[PDB]
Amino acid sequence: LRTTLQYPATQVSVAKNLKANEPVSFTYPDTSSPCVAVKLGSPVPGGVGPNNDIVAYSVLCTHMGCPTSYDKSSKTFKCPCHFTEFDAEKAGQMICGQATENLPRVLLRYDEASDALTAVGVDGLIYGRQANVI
């Protein structure tokens, strides 16, 4: 019957509450899947919000799943386990590292009428799951 996973729609916050380059922690699509949204401050392809610069990612390293940290100075996610680094400005492109998958992108809907940011899906397979939706 269905070919798509049943992704929740999860409110993150309103776009205007986000500060430039200050990460917001949230879970998606369940409480075991930690994510980050960041207003990058300059447009990127597939950024959303008034300035087309809001992106979000699963922070679990796609190599072996250690939680990555967001580095505000480089706008990258850095893995402390085997030093993989992912570009938040290039859809999770691996700059250098041992992963074989770009950091999964959390798809955000920006609703102009409400200013609301909603997580509605994931592009790529989150670490340590048979399917994004358990």
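Residue positions are given as counts along the sequence shown, with the first one as 1.
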Margin query: Per the record, averaged over C-alpha atoms, which has the higher B-factor: 7 to 15 or 120 to 128?
Written below: 7 to 15
Check: So 48 to 56 or 81 to 89, which one's hotter by mean CA B-factor in the entry?
Finding: 48 to 56
Notebook entry, point to check: Which has the highest CA B-factor per the PDB entry: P34, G65, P43, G97?
Noted result: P43
Notebook entry, point to check: Where does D30 sit by CA temperature factor within its chain: lowest, middle or highest third?
Noted result: middle
